[PDB]
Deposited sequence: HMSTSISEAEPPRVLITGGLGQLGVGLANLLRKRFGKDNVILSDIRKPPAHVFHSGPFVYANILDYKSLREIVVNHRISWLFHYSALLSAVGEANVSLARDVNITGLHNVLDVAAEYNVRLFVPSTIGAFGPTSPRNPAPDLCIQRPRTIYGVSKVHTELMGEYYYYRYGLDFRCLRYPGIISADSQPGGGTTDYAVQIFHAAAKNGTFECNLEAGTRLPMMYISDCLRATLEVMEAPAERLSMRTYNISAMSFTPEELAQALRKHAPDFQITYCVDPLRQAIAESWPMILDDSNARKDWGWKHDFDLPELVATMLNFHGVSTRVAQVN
């Protein structure tokens, strides 16, 4: 049975991942870690430990002391704050990656690091985006994730490092601080129950790949539990659905016909939305290991409304 450390696990996805993994391995075999102070409920969910990813010395301690064998590298600065703070995002994303790589390599850890729809550029295929294609993002966040894919794979060929990487689409979850380019699709459900009116910051027909949190984490666990031999590559696209604000607004209106939508586009967020793909092609992920999504637009909307 494996001992798990989750790096930067107090963000949008981390807590959910902790819950899924603790159910699979036991409360005490999953160690949650971040640099921020944890909410009372999450601290009492199981072991939590302060971990600064830029501090390499501290990662060795934690991995040795807690006999960690599985690591999920969730700590990063995303496309939102990344652009405003290029120096720090470079540090946390690239130097942080190296440290996690080194520790896992030295101590025989199976390593998960997410990549993103932001790892693609304007010169990339967008309808759909395959697993192997031109990657030339013009965001520090994406560039660093391209680096994550390449470095991770190299460490698998140079050393026997068990590196596994899923390119997450925009993830939708119930109670998620703001964002964030794909953030409208989280906030919309808040305003749907609050007033019945929501101001959207992307164009009505901006198609992006999306996914419910349950699917995202289920994929994450599955690929990690997968037999090595069935993995022809180490970075996979993961896919569930693609939609637009307009298409989401209809699915909402199926339950709440009164729901009203307005628009005020943010050019900054709109510009990087246009640079991303519209659909993710996960042929390889479905073929190699048994990837199937459980949530599409109707059921995603149903569950999200069930939290209000």
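Positions of the deposited sequence absent from the coordinates, in order: 1-10, 187, 320-329.
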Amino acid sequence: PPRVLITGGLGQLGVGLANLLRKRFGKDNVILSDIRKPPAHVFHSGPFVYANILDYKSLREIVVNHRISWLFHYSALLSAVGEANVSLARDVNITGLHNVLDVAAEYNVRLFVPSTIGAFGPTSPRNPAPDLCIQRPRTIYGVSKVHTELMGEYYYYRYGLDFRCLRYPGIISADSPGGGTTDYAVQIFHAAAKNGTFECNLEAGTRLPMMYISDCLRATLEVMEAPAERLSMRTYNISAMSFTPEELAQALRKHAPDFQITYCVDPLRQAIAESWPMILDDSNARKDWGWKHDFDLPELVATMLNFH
From here on, numbers count along this sequence of modelled residues.
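For the pair 67-75 and 179-187, the mean Cα B-factor is higher in 179-187.
Of the two stretches examined, 224-232 and 211-219, the record assigns the greater average C-alpha temperature factor to 224-232.
The entry assigns its greatest Cα B factor, within the set 150, 174, 165, 143, to 174. Across the options 34, 281, 266, 61, the residue with the most elevated CA B-factor in the record is 266. In the deposited entry, the Cα temperature factor of residue 197 places it in the highest third of its chain's modelled residues. Sorting the modelled residues of the chain by their CA temperature factor places residue 169 in the lowest third. In this PDB entry, residue 105 carries a Cα temperature factor that places it within the lowest third of its chain's modelled residues. Among the modelled residues of its chain, residue 50 has a C-alpha B-factor that falls in the lowest third, as given in the PDB entry.
Sort the chain's modelled residues by C-alpha temperature factor and residue 134 lands in the middle third, per the entry.
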